[PDB]
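# Examining the three-dimensional arrangement
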Amino acid sequence: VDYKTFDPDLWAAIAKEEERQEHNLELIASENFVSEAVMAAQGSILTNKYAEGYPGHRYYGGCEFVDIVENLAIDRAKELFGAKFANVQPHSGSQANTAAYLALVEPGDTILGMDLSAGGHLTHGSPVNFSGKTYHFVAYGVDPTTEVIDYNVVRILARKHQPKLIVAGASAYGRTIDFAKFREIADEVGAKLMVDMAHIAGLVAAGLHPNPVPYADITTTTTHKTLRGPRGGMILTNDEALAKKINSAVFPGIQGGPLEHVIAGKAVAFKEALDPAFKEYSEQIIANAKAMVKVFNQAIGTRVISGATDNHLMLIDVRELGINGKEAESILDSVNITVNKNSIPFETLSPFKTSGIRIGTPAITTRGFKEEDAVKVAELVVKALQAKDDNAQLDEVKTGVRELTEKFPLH
Amino acid sequence: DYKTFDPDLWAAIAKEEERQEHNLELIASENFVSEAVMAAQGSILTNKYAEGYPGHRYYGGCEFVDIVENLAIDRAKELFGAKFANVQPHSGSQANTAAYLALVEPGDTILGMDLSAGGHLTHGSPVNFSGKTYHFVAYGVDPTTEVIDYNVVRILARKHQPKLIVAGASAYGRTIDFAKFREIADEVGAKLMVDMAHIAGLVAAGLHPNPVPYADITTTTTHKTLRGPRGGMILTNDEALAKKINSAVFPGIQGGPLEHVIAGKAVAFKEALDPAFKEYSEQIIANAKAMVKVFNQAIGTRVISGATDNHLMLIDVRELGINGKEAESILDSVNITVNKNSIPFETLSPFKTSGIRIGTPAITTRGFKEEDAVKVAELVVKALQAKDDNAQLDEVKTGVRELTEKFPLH
């Protein structure tokens, strides 16, 4: 705080955000709370070192010890996911995907990925994103009745459109993905396979989701979200030739100097995920999400997309309640519950008129929530959303949220 | 306490802190950030997803993240006099990537500084996204004075008719006149983009011409002479370009920003708005000029262009019978860190080059003054003149311990 008196405005804001995180029920599926060690690594003196290149092949001298750190992150990532090669330098998931495309396809090549309304990410073909501006994207959706992936539809589109690359992985799909089936379809049309496991990387590490590493030519991921690491990206592969193309695509391809203090935080998070406690944490993530799905299925006005969850998240249609995703998002904020609106299958992508919201449990699971507490959260969401013009009932939800946050403190 | 779980990681960081303590860091792109900057990067702000921009976020719960990001934006605008700022780029590379997207189309012709005479990798390297996506032509420095000839820039601009002209360098020790680049850009109908990453700290202190009133878009890193955390930033006075810049960063090429790093940016900008930072930046240039004087008068060292106006210098070492790579190895063995660097009109390959690059921002942050910066230059010459004579190299290794022990860092 000696260094904080110089800048009262900044640290007052950080102090208020810390209190906000304490009194808020975080339900955004991509959020989490990292350990003291992860934060301490990001605030280390490693931010002072320029380390362009790769361990043992740096352009600058004096990298003997940052090489140890980056190699710790690389080797722990290989142990975590069973990969033969790893690149821990991407600044984010978006940069990891950017370099992965460069190692696999050419500009204008055809790529078959998941439809953006059905679960795909903006980096999987959006025209306001680099991906949709650089490559020719075709999309597979989900079944109209069950709202799960139809792998025969994937095979049909792959044959008809002859993609050079098939992308699997999603940011808003709460069901199991059969990566081995994607590898079979790619082998048939002679395509490559890339998997973006950013949202489910923690569940993959705990063995609770099929592992894409043995099937994908290249696997990309974030280090945050379910992995509970610092904010950043990572690229994995088992192909020695692709590993060099990946290494060259990241630097000098699209980035310059890496963030070694973030990479130290990645190494800390990877060792935490190697501990048996992480499997117990990831199992509680799914158990909490399934309990919330039961409440939303039973409630009047909330429709769970596909009607179930196999992982950490769920999509909810609120059109039956006479509101859209933006209004529901605004309502839950007024009772200290944070979600995000999200497109749902078969909508024509209208990022502000969508009918859906997205909910995930990794954050509250880190705070210590169990199934009965997750049930109470889902019941509080329903109560606020059904509270059509009812300040007295919105206030009761605020009391319930306060009871939960004080029962499970953060720090 | 929390270190007990992972003793191997925290032992490696302790050795790196020890290496930084007893090493003389002369790499021109390095610096040492304050305790407040590191504490901001190590804050709980890493837990918040903040896609979008303040007041227009895609998610809820951003009331105080918007305050933090607006602090960085407003302090950057105050620091540099810009009407618009984007503080989300993860690095200088990403800031440059987004700047090209808001200015030109793939395949367009761009005129920038030659990579052998100062230009950065993101200024047209064929192994980089810049050289791969656009058609880059180069301007260099005069063969006699080894500085930029603005008539030659005018000549090459009329010949190629570029859509964009790039100013700024990574290994150029003289003042860059951004007002002359604007005139040349106006004459051929081209836009102007300035990459001030190496000199942004000197620009902030008012010790180098400010490109913001002249460039269509200004890009920079927040580290190096700015002494901020590792990251990037984009500035402009054009509102229409500011919207294209915002769209190019997100959802253009990035996703969620690093708001804990952005907090460190706001911390570093306030430290730069303090009068102590101007006196710091003045000491940078004074220390650099003192070293150049030692190298000019020494046998075996030739300062490129013969002087410096900023934080760095290039040193030709061929007269010693030495490569840049050879000189880098000699100095590394006595705990002095430089990097080999190509000199204007380089004869050999980048695998060996002909010179070394030296900068003072790091030792200046440790508290070195001119008298100490003269001793480091004397120790460099003595090591490079000692032809594998370990009796001399042991003496300079003793000398660098005197300096690092005299100026403690951590």
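For this deposition, the record names X-ray crystallography as the technique by which the model was determined and cites 2.04 Å as its resolution.

As recorded in the PDB entry, chain B goes by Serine hydroxymethyltransferase and comes from Enterococcus faecium. Within the UniProt record for chain B, the comment given under Subunit (unreviewed entry) is "Homodimer."

The name recorded for chain A in the PDB entry is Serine hydroxymethyltransferase, from Enterococcus faecium. Regarding chain A, the relevant UniProt record gives this comment under Sequence similarities (unreviewed entry): "Belongs to the SHMT family." The annotation that UniProt attaches to chain A under Subunit (unreviewed entry) is "Homodimer."

A tally of regular secondary structure across chain B gives 15 helices and 15 strands. For chain B, whose C-alpha radius of gyration is 22 Å, the value lies close to the compact-globule estimate of 22 Å for 410 residues. Considered along the principal axes of its C-alpha atoms, chain B spans approximately 65 × 65 × 40 Å. Long-range pairs, those at least 24 residues apart, make up 72% of the contacts in chain B between residues at least 6 apart in sequence. Carbon and sulfur atoms make up 51% of the accessible area of chain B, which totals about 14,700 Å². Charge separation in chain B, taken as the distance between the mean sites of 41 positive and 52 negative side-chain charges, equals 3 Å.

Time to look at the packing of aromatic side chains. One pass over the full model with this rule turns up 20 aromatic pairs over all chains. Here the aromatic rings of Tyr49 of chain B and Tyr59 of chain B are separated by 6.0 Å at their centres, their planes lie at 90°, and the arrangement is edge-to-face. With a gap of 10 residues between them, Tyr49 of chain B in the loop between α2 (35-41) and β2 (52-53) and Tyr59 of chain B in the loop between β3 (56-57) and α3 (63-80) connect regions that are remote in the sequence. On the accessibility criterion, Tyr59 of chain B (13% relative accessible area) is buried. The interplanar angle of 55° and the centroid separation of 5.6 Å between the aromatic rings of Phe277 of chain B and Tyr280 of chain B together place this pair among those described as tilted. Here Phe277 of chain B pairs with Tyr280 of chain B, and both are found in helix α11 (residues 275-297), just 3 residues apart, close to one helical turn. In this structure, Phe277 of chain B and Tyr280 of chain B share a single accessibility class: buried. Aromatic ring contacts, followed pair by pair, group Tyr101, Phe130, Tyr135 and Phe137 of chain A into a single cluster. The ring centre of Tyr281 of chain A lies 3.9 Å from the NZ or CZ of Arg228 of chain A, which sits over that ring.

Right, let's talk about the packing of helix α3 (residues 64-81) of chain A against helix α10 (residues 260-273) of chain A for a bit. Residues and elements named next belong to chain A. Close contact between α3 and α10 brings their axes to 8 Å; oriented N to C, the two are set at 35°. As for the relative orientation of α3 and α10, their crossing is left-handed in sense. Side by side, α3 and α10 meet where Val66, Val69, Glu70, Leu72, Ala73, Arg76, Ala77 and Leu80 of the first sit next to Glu260, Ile263, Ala264, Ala267, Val268, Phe270, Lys271 and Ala273 of the second.

The next thing to look at is the interface of chain B and chain A. Contact residues are listed per partner, giving 74 residues for chain B and 78 residues for chain A. Carbon and sulfur atoms supply 60% of the area that chain B and chain A bury against each other, a total of about 6,800 Å² over both sides. Scanning the region where chain B abuts chain A turns up 4 salt bridges. With its nearest N and O atoms 4.0 Å apart, the salt bridge here joins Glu30 of chain B to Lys49 of chain A. Viewed at the interface, chain A and chain B are joined by 35 residue pairs in polar contact. Counting only elements with at least two residues in the side of chain B that touches chain A, the list comes to α1 (7-21), α2, α3, α4 (92-103), α9 (239-253) and α10 (259-273) of chain B. The element best represented in the side of chain B that touches chain A is α1 of chain B, accounting for 10 residues. Here the side of chain B that touches chain A is built from residues that sort into 34 nonpolar, 23 polar and 17 charged.

The subject of this paragraph is the side chain of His261 of chain A. Locating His261 of chain A in the fold gives a position in helix α10. For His261 of chain A, a relative accessible area of 1% gives the class buried. Apart from the residues lying within four places of it in its own chain, the contact partners of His261 of chain A are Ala41, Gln42, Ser44, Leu46 and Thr47 of chain A together with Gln41 and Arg230 of chain B.

About the thresholds
Within each chain the numbering goes from 1 in written sequence order, not necessarily matching the entry, and residues lacking coordinates are not shown. Written order determines the labels here, with chains lettered from A and ligands numbered from 1. To get the side-chain values, all heavy atoms of the structure are used, and hydrogens and water are removed first. UniProt positions are given in the numbering used here, feature names are shortened, and annotations may be inferred rather than shown by experiment. Where helices and strands are cited, they refer to DSSP runs of H or I of at least four residues and of E of at least two residues respectively, numbered from the N terminus. Two things to know: the radius of gyration comes from C-alpha atoms, and the globule rule equals 2.2 Å times the number of residues to the power 0.38. In what follows, a contact means two residues having at least one pair of non-hydrogen atoms within 4.5 Å. Accessible surface area values rest on a Shrake-Rupley calculation with a 1.4 Å probe, where residue burial reflects the displayed protein chains alone. When charges are tallied, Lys and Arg are placed among the positive residues and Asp and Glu among the negative ones, while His and the ends of the chain are skipped. We put the charge of a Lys on NZ, of an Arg on CZ, of an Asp on CG and of a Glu on CD. Ring geometry is summarised as follows: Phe, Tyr and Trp rings, the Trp one being its six-membered ring, pair when their centres sit within 6.5 Å, and such pairs are stacked at plane angles under 30 degrees, edge-to-face over 60 and tilted between the two. When a residue's accessible area, from a 1.4 Å probe over protein chains only, is under 20% of the maximum for its type it is buried; when over 50% it is exposed; and in between it is partly exposed. Put simply, a charge is over a ring when the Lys NZ or the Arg CZ is close to the ring centre, within 6 Å, and near the line of the ring normal, within 35 degrees. Convention adopted: a line fitted to C-alpha atoms gives each axis, helices being fitted over their contacting stretch, and angles between N-to-C directions are expressed from 0 to 180 degrees. Should the near helix be turned anticlockwise from the far one by less than a right angle, the crossing is left-handed, and should it be turned clockwise, the crossing is right-handed. A 1.4 Å probe defines the accessible area here, and the buried area is the portion of it lost by two parts on being joined, summed over both. When a carboxyl oxygen of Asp or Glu is within 4 Å of a side-chain nitrogen of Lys or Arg, the pair counts as a salt bridge. Two N or O atoms count as a polar contact when they lie within 3.5 Å, although within protein this holds only if one can serve as hydrogen donor and the other as acceptor, and sequence-adjacent residues are included solely when both atoms are side-chain atoms. Basically, the charged four are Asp, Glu, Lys and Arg, the nonpolar ten are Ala, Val, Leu, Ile, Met, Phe, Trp, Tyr, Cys and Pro, and anything else, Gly included, counts as polar.

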